[PDB]
Each structure stands twice: as C-alpha cells, then as structure tokens.
4 protein chains.
Amino acid sequence: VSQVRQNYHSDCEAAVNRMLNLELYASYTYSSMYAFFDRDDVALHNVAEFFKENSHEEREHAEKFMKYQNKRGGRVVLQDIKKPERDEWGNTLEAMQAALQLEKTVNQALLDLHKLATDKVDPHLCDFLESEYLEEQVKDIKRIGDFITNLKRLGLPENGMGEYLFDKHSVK
Amino acid sequence: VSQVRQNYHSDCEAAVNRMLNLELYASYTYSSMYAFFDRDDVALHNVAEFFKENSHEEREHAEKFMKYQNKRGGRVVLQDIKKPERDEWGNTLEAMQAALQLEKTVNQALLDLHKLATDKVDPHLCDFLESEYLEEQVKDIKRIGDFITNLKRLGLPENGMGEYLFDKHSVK
Amino acid sequence: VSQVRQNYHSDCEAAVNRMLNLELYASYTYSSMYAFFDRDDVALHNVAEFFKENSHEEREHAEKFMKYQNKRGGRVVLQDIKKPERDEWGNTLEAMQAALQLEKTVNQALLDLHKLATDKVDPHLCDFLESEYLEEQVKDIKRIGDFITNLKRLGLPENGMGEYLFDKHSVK
Amino acid sequence: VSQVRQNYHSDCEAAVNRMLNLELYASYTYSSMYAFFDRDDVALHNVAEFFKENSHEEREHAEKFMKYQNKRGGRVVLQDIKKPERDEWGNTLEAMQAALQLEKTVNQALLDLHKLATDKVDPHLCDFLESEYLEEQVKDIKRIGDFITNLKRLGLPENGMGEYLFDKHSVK
Ligand SMILES: [Cl-]
Ligand SMILES: [Cl-]
Ligand SMILES: [Cl-]
Ligand SMILES: [Cl-]
Ligand SMILES: [Cl-]
Ligand SMILES: [Cl-]
Ligand SMILES: [Cl-]
Ligand SMILES: [Cl-]
Ligand SMILES: [Cl-]
Ligand SMILES: [Cl-]
Ligand SMILES: [Cl-]
Ligand SMILES: [Cl-]
Ligand SMILES: [Cl-]
Ligand SMILES: [Cl-]
Ligand SMILES: [Cl-]
Ligand SMILES: [Cl-]
Ligand SMILES: [Cl-]
Ligand SMILES: [Cl-]
Ligand SMILES: [Cl-]
Ligand SMILES: [Cl-]
Ligand SMILES: [Cl-]
Ligand SMILES: [Cl-]
Ligand SMILES: [Cl-]
Ligand SMILES: [Cl-]
Ligand SMILES: [Cl-]
Ligand SMILES: [Cl-]
Ligand SMILES: [Cl-]
Ligand SMILES: [Cl-]
Ligand SMILES: [Cl-]
Ligand SMILES: [Cl-]
Ligand SMILES: [Cl-]
Ligand SMILES: [Cl-]
Ligand SMILES: [Cl-]
Ligand SMILES: [Fe+2]
Ligand SMILES: [Fe+2]
Ligand SMILES: [Fe+2]
Ligand SMILES: [Fe+2]
Ligand SMILES: [Fe+2]
Ligand SMILES: [Fe+2]
Ligand SMILES: [Fe+2]
Ligand SMILES: [Fe+2]
Ligand SMILES: [Fe+2]
Ligand SMILES: [Fe+2]
Ligand SMILES: [Fe+2]
Ligand SMILES: [Fe+2]
Ligand SMILES: [Fe+2]
Ligand SMILES: [Fe+2]
Ligand SMILES: [Fe+2]
Ligand SMILES: [Mg+2]
Ligand SMILES: [Mg+2]
Ligand SMILES: [Mg+2]
Ligand SMILES: [Mg+2]
Ligand SMILES: [Mg+2]
Ligand SMILES: [Mg+2]
Ligand SMILES: [Mg+2]
Ligand SMILES: [Mg+2]
Ligand SMILES: [Mg+2]
Ligand SMILES: [Mg+2]
Ligand SMILES: [Mg+2]
Ligand SMILES: [Mg+2]
Ligand SMILES: [Mg+2]
Ligand SMILES: [Mg+2]
Ligand SMILES: [Mg+2]
Ligand SMILES: [Mg+2]
Ligand SMILES: [Mg+2]
Ligand SMILES: [Mg+2]
Ligand SMILES: [Mg+2]
Ligand SMILES: [Mg+2]
Ligand SMILES: [Mg+2]
Ligand SMILES: [Mg+2]
Ligand SMILES: [Mg+2]
Ligand SMILES: [Mg+2]
Ligand SMILES: [Mg+2]
C-alpha cells in the first residue's frame, strides 16, 4: 500500500530482504577471514586486508539493497546475521576456496532473484541486479579462482615459502 | 523498408511514437504547474522552479525517443500535445499528488512498452528503456512520494506556514 | 599459548569478544534506523543519514576490538549478530530515545569491561577503553540527549512541523 | 626535598632509574644485533637496519625517563649498561626470538612499574606509562611475533632462500 509502489511483487520484496541478509552474512565471513590472517600465528597482513576490503564491499552491497527496497516501496525486514561457518580458516588456500564457494553462493542467490524478477515481469529489478551485482560477482569469482590456481602452483598448503610469496606479490 | 531497420517491429515503432507524445504531455503538465506556482497569489518560487526543471527533463525524454526512432529506422509521427487536466493546481500538496500520479502513468507506459519489446524479442529497445527511463522514473516517484509525506507532516493543505517552510527548505 | 600474550586474562579475552558482538549489534540497530527514516512514508533523509553514519562508527568500533584481540594474542570468536529489537522506529523522538538507551547499554558494557580489566590488573586494556571508547560514548550520549530535549521542545511526537524543522536544522 | 616534588614516592623514583637502565640495556642489545647482521658473513642489511632503528627507539625511551625523573623532582642515578647476553645472534629467526623475549622483559618491567605507581597512588606516573610506553610495547611484541611466524613459514633456520626473501620483502 506504499504510495510509490508500482509493479513490485510481494515475493520480490521478500527475496530482496533475504538477499540483503546473505550480503551481510558474506560481509561477516570476510570479517572473520580478516581477523584470522591478522593473528600473530598466521600473520599474512596483505591477505588479511584483502578480506577486510571484501567485508566492506559486501556491507555496501547490503546497504544498496536497503535503499532499493525503499525506492520500490517495499519494507526492509532484518534477520539475525549468522556467524561464519568456521572460527579459523586454515591457510590462504583454504580461505580462498571458502571465499570462492561463498561468492558462488551469493551469485546463485542473485541469479535466483533475477529469475523471480523475470517471472514477475519486473524489468527495474532485473536491470538493478544486472547493473549493480551480477558483473561484480563474475569478476570476483574470476579473481578468486585465479588466486587459487596460483596458490596451488605455489605448493599450498605445504609450501610456506609459496604462501609468503603470494602475500608479498599477489595482494600487495 | 529503411536500410537501417533490423529487428524493429511495427508495433514497437508505433508504441515509441505514443510514448514520445506522453513525455510531451507530461512536460506540458509540469509547465502548467510552473506557471501556477509563479502566480502572484500563489508565489512559491522554489516549487515553481522544481516543476519548470521537470518540464525540461520530460521534453529531453521526448527528444531522446525521436532520436531512438530514427536510429532504429522507424518514423517519428507526432500528434497533438493535449493541454493539462487542470488549469490550476490548488497548492503544493495537490500539485505533488498530481505529479506522483503523472509519474506513475508515465512509468506504466514505459513498463508496457518494455513488455511489448520483450514479446517482440527486441533487446535493444529493452536495454534503452532500462538504461535511459525506468531507473529515473523510480527515483522521481520516490522523490515525489517523500515530498508528499513531508507536506502532510507539515499540515498541508491547511497549514500555510508548513507550505512556506517546505518551499524554503525542501526545494531551495 | 600465543607467543605475544602477556598479562592478558582469559576472562578479558572473552569479554572483548562479547563487547565486539555488542558493537556489531549496535551497528545493525542503527542500520535499521537508517532504513526506517529512508522509507517513503517517513522521509527524513538527514535523520536517516545520521543513523547510517552511526552504523558505520559502531562497525569501526567492532573492527578495532578484533585488531585489539589479535594484538594481545587473544582469539576473535564471533557469534550471531542479533536483529534489532524493533522493525519500525515510530518517529525521530522514539528513535533517538532508543539510540540513547543503546548508547547507555554499550557504555555500561565498556565500563563493566574496564572494571574487569582493573580487577585483572590490565593497564593496557584500561588505557585502550579510556582512549578509544569511553570519551566517544560520553560525547554520543550527550549529543543524543541534547537532540531529545530539542525534539520534546519541538512538540514531538504530535508536532510534525517540529519534526520537519529538526531534520532541516539539527542534522543537516 | 625538591621544590617541585609532589606525590612522588621514593620507591617510584628508584624504579624509574632501574627502568631507564633497562631501556639502555635493550638499546645496546639491538646495537649488537645491528652489528651482527652487518657482518660480511651475515649480510642482511635490511634486518641490520631494523635492529639499528630499534636501538635508537630504546635510547629515546631512556632519555624520556630521564626527563620524567627531573619533571617530578626525582634524581637520575645511572648504573653500568651491561653488555648484551650474546656476542653473535645466529640468524634472523634466532635474533627475532631474542628480540621478542627482550620486548616482553621490558614490557614486564613497565607493567611492574605501573603496579608500583598504582600501589603508591601516582596517577601521573600511571598515565605516563600508559600513554608513552605500554601501547608501543604491545605493538612491538605483535610486530616481532608476526615476523617470527613468517620466518618459521619461510623454513628458518635451514632455508637460506627463505631468510633472503624475508630480508627483501618484510623489512625493506
Ligand atoms: Cl505493486
Ligand atoms: Cl506492469
Ligand atoms: Cl504482490
Ligand atoms: Cl521479508
Ligand atoms: Cl536459524
Ligand atoms: Cl572452525
Ligand atoms: Cl558458501
Ligand atoms: Cl529468489
Ligand atoms: Cl525490422
Ligand atoms: Cl532477430
Ligand atoms: Cl513489423
Ligand atoms: Cl504511430
Ligand atoms: Cl482526442
Ligand atoms: Cl482546473
Ligand atoms: Cl496522470
Ligand atoms: Cl506499449
Ligand atoms: Cl597472559
Ligand atoms: Cl603483570
Ligand atoms: Cl588467564
Ligand atoms: Cl569468547
Ligand atoms: Cl540466543
Ligand atoms: Cl516493531
Ligand atoms: Cl538498549
Ligand atoms: Cl565485562
Ligand atoms: Cl613527594
Ligand atoms: Cl596525593
Ligand atoms: Cl617517599
Ligand atoms: Cl636509584
Ligand atoms: Cl653486576
Ligand atoms: Cl654468543
Ligand atoms: Cl630478555
Ligand atoms: Cl617496579
Ligand atoms: Cl621474490
Ligand atoms: Fe556481494
Ligand atoms: Fe562478491
Ligand atoms: Fe568485488
Ligand atoms: Fe519522462
Ligand atoms: Fe542493462
Ligand atoms: Fe519522471
Ligand atoms: Fe527526474
Ligand atoms: Fe529555517
Ligand atoms: Fe560503539
Ligand atoms: Fe587508570
Ligand atoms: Fe557510541
Ligand atoms: Fe559517535
Ligand atoms: Fe623501550
Ligand atoms: Fe619496544
Ligand atoms: Fe617500537
Ligand atoms: Mg499512504
Ligand atoms: Mg509481502
Ligand atoms: Mg539466507
Ligand atoms: Mg548458530
Ligand atoms: Mg555493467
Ligand atoms: Mg586479474
Ligand atoms: Mg532506401
Ligand atoms: Mg508500422
Ligand atoms: Mg497517449
Ligand atoms: Mg481537449
Ligand atoms: Mg542504469
Ligand atoms: Mg531523497
Ligand atoms: Mg606458537
Ligand atoms: Mg580463555
Ligand atoms: Mg552480548
Ligand atoms: Mg531472535
Ligand atoms: Mg585502581
Ligand atoms: Mg581521550
Ligand atoms: Mg553539541
Ligand atoms: Mg631547594
Ligand atoms: Mg629515595
Ligand atoms: Mg635492571
Ligand atoms: Mg658482565
Ligand atoms: Mg595511547
Ligand atoms: Mg603488522
């Protein structure tokens, strides 16, 4: 019943709230990875800062969904932000593998929201996802995949010298 | 039979001409609102200038449809620009309510043209509407809705002090 | 057993993790207030931006506790970030009253952590709280109290003109 | 009997002189590490310069205690600066392990002086230690711990290539 609401299905409104939550969950997982790589017994500061920056990006993505919801006349409904799946992330390779799976989980949720928007004939929501989320996700998945290939080439997890070299030449 | 024409359905060509006319109609309605708020017995100059700027925006939107029509090899066909529904617009709240309904009428026509372009499998016309019209319409509807909420909060239509305050702090 | 750990009690390590969580909870509550004041049927954008900025400040406070934990050789342990107490915040006065109580809840948790650090004879943790958190909390509580006094003076919750005036002259 | 003396216990005056001596001892140990890494048969110049800079920092810390003593009306009493525990420091890992233990010895002496100042109700001396010494010590211990983690990852002491890489990418 919002005065601005036009062509905005209840199902899309709810799916935007769920997508908002998933972006916040992804942010929190990257915060955990930042804190792990900043541990004195891990101490890979460029890796830590890579994940801290990703945490900020995902929070920005969540805030853009809040703004979107209000622009369309939907109502932001928040739920708990679940803690990350792990308390410790092993090493740079294990963390990047977890980041790749997280990025693909977020991408699948964005693609599913695009399919719902398509089914409800919502071109504005389709354009928003295509213009503000789907290309960044493909770029992020490619970047992380490239890093995993390099970490395997550098002999992770066993090769500690390879892990050091990655921190000093791939994320400086 | 234009040498440039490719994947451009006659129905979409005609609907672009009708959409062009509606943009010119919207421009003319905003011109009327400008002239009303510039009356000596209305005298809300920042409100008048808000509507004058919207009149120019809608004329620009119409000219972009003329250029689009020619780029695709369609032919611009003009019809009369109907005078606005009212000769006088009451007060800032009544005018903003009329502007919200006008913006939603224009938005519905753009969404209907997007559905026709989708049915005729015209991705260029879909992209044009998504990239050049649909996001501006959502932003404009949100802005006007926000203003209506504030005018009601300020006690319009009865509260003349509230109307003055809006002119001096919301559209300066 | 961290190689850096010195004079850092397990109880203080755990209380820092709980304090981290409370800062994230406070951030999330301010995010909710931002989204509420950005609604088309609320539409107090300077109030919304005040709360959005507070949301960012509290996230920064949480990240500083993560860095602190690692500097001392403690281990960051994350828990769920609980959703805010309300889904809607009434009006500027109700939201500022909720913000004052939230700031005093955070302040009481910081004072309780300072008392634990005092009992465990941890001057570094005491100094950190005194230098990085306790003075900002007193300033924030004073600012919000001052705003509540002004909102009451302006006739909130009933006086919508007063609410408009506050948005346009106290948080611009 | 100094005209400036107020709330300055004899025990704190003596403990400041002992703390002064320990800072000079720490400076001298870092001087020894500088000279070791500058040897032609060691030749890790960035490591050498790291330790030379730490030697200067500790001398500055000692001079600040001399100034403090005089500000409070105590009297500087100097003792011999004992030569460092070792004449040669093995390799970058052995030296960093010795530096970590030295930093924790200095930190424990600062914490013990803070406890004495607390027992004698000397808030000025407490503030001085908290503001000028205790946070730098936590930062220094964290930095050295992080370096030790990286040197172990790089295969020290056996992996000479790892030692070279550290000199060229961690302390450049
Ligand atoms: Cl709708
Ligand atoms: Cl529709
Ligand atoms: Cl619906
Ligand atoms: Cl929902
Ligand atoms: Cl659950
Ligand atoms: Cl785990
Ligand atoms: Cl995942
Ligand atoms: Cl969905
Ligand atoms: Cl054609
Ligand atoms: Cl085709
Ligand atoms: Cl055709
Ligand atoms: Cl036509
Ligand atoms: Cl007619
Ligand atoms: Cl009329
Ligand atoms: Cl209309
Ligand atoms: Cl149509
Ligand atoms: Cl300890
Ligand atoms: Cl101690
Ligand atoms: Cl303990
Ligand atoms: Cl814990
Ligand atoms: Cl619970
Ligand atoms: Cl509620
Ligand atoms: Cl609270
Ligand atoms: Cl506590
Ligand atoms: Cl005295
Ligand atoms: Cl005294
Ligand atoms: Cl005495
Ligand atoms: Cl002495
Ligand atoms: Cl002796
Ligand atoms: Cl020796
Ligand atoms: Cl030592
Ligand atoms: Cl002492
Ligand atoms: Cl290299
Ligand atoms: Fe994202
Ligand atoms: Fe991403
Ligand atoms: Fe990204
Ligand atoms: Fe338009
Ligand atoms: Fe597009
Ligand atoms: Fe418009
Ligand atoms: Fe516009
Ligand atoms: Fe004013
Ligand atoms: Fe905070
Ligand atoms: Fe104190
Ligand atoms: Fe605060
Ligand atoms: Fe603040
Ligand atoms: Fe020192
Ligand atoms: Fe130090
Ligand atoms: Fe230092
Ligand atoms: Mg309504
Ligand atoms: Mg619904
Ligand atoms: Mg979910
Ligand atoms: Mg759980
Ligand atoms: Mg793009
Ligand atoms: Mg690349
Ligand atoms: Mg021809
Ligand atoms: Mg035709
Ligand atoms: Mg028409
Ligand atoms: Mg007629
Ligand atoms: Mg766009
Ligand atoms: Mg706005
Ligand atoms: Mg260890
Ligand atoms: Mg413990
Ligand atoms: Mg808690
Ligand atoms: Mg719950
Ligand atoms: Mg005490
Ligand atoms: Mg201060
Ligand atoms: Mg003030
Ligand atoms: Mg004398
Ligand atoms: Mg004496
Ligand atoms: Mg001594
Ligand atoms: Mg001797
Ligand atoms: Mg300090
Ligand atoms: Mg560091």
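Reminder, nothing fancy here: chain letters follow the sequence lines and each chain counts from 1. Side chains included, hydrogens not; waters and symmetry mates left out as well; all remaining heavy atoms used.
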Option among C:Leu156, C:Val47, C:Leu93 that satisfies the side-chain contact (heavy atoms from CB on, under 4.5 Å) test with C:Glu163: C:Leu156
Closer than 3.5 angstrom, by distance alone: can the side chain of [X] be matched with the main-chain N or O of [Y] as a donor-acceptor pair?
X        : Y        : result
A:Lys168 : D:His169 : yes
D:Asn150 : D:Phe166 : no
C:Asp167 : C:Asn46  : yes

Less than 4.5 Å apart, any side-chain heavy atom of [X] and any of [Y]?
X        : Y        : value
C:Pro123 : D:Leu129 : no
C:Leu116 : C:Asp11  : yes
D:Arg86  : D:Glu94  : yes
A:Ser31  : C:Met66  : yes
D:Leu134 : D:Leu111 : yes
D:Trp89  : D:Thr29  : yes

Can you list the steps and then say if C:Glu49 with C:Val171 is a side-chain contact (heavy atoms from CB on, under 4.5 Å)? CA-CA 9 Å; C:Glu49 291 304 331; C:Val171 281; over 6 Å; no
Spatial distance of atom [atom1] ([X]) from atom [atom2] ([Y]) [nearest 0.5 Å]:
X        : Y        : atom1 : atom2 : value
D:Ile144 : D:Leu100 : CD1   : CG    : 6.0 Å
C:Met96  : C:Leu102 : CE    : CG    : 12.5 Å
C:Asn159 : C:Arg153 : CG    : CZ    : 13.5 Å
D:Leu22  : D:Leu113 : CG    : CG    : 11.0 Å
C:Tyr25  : C:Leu20  : OH    : CG    : 16.0 Å
C:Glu103 : C:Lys142 : CD    : NZ    : 14.5 Å

Do NZ/NE/NH1/NH2 and the carboxylate oxygens of [X] and [Y] come within less than 4.0 Å?
X        : Y        : result
C:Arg143 : C:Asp146 : no
C:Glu23  : C:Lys64  : no
C:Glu13  : C:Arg5   : yes
C:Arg75  : A:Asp41  : yes
D:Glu135 : C:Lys71  : yes
D:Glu88  : D:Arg39  : no
C:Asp38  : C:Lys52  : no

Worked check of side-chain contact (heavy atoms from CB on, under 4.5 Å) between C:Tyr34 and C:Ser55: CA-CA 8 Å; C:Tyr34 154 69; C:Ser55 176; over 6 Å; no
[X] versus [Y], closest heavy-atom pair with distance:
X        : Y        : result
D:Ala95  : D:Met33  : O-CE, 3.6 Å
D:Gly145 : C:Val4   : CA-CG1, 4.2 Å
C:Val16  : C:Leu125 : CG2-CD1, 4.4 Å
C:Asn70  : A:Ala35  : ND2-O, 2.9 Å
A:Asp40  : C:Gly73  : OD2-CA, 4.2 Å
D:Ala117 : D:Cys126 : CB-SG, 3.7 Å

For the residue pair C:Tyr68 and C:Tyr8, categorise the inter-ring angle as parallel (less than 30°), tilted (30 to 60°) or perpendicular (more than 60°). perpendicular
Carefully, step by step, assess C:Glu57 and C:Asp140 under the rule side-chain contact (heavy atoms from CB on, under 4.5 Å). CA-CA 11 Å; C:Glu57 173 176 320; C:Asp140 292 345; 3.2 Å; yes
Modelled atom types, side-chain donor and acceptor of [X] and [Y], under 3.5 Å:
X        : Y        : value
C:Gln3   : D:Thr149 : yes
D:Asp112 : D:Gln108 : yes
D:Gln79  : D:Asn21  : no
C:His61  : C:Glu58  : yes
C:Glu63  : A:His56  : yes
D:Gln69  : D:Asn17  : yes

In this structure, are over 12 heavy atoms from other groups packed under 6.0 Å from [X] atom [atom1]?
X        : atom1 : value
C:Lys67  : NZ    : no
C:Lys104 : NZ    : no
D:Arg59  : CZ    : no

Check: D:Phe36 ring centroid to D:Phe51 ring centroid under 6.0 Å: no
Between C:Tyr30 and C:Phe50, is the ring centre distance below 6.0 Å? no
Result of checking C:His114, C:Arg72, C:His9 against C:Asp122 for side-chain hydrogen bond (donor to acceptor under 3.5 Å, both in side chains): C:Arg72
Assess whether side-chain contact (heavy atoms from CB on, under 4.5 Å) is satisfied between D:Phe37 and D:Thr92, documenting all intermediate values. CA-CA 8 Å; D:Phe37 286 99; D:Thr92 308; 3.8 Å; yes
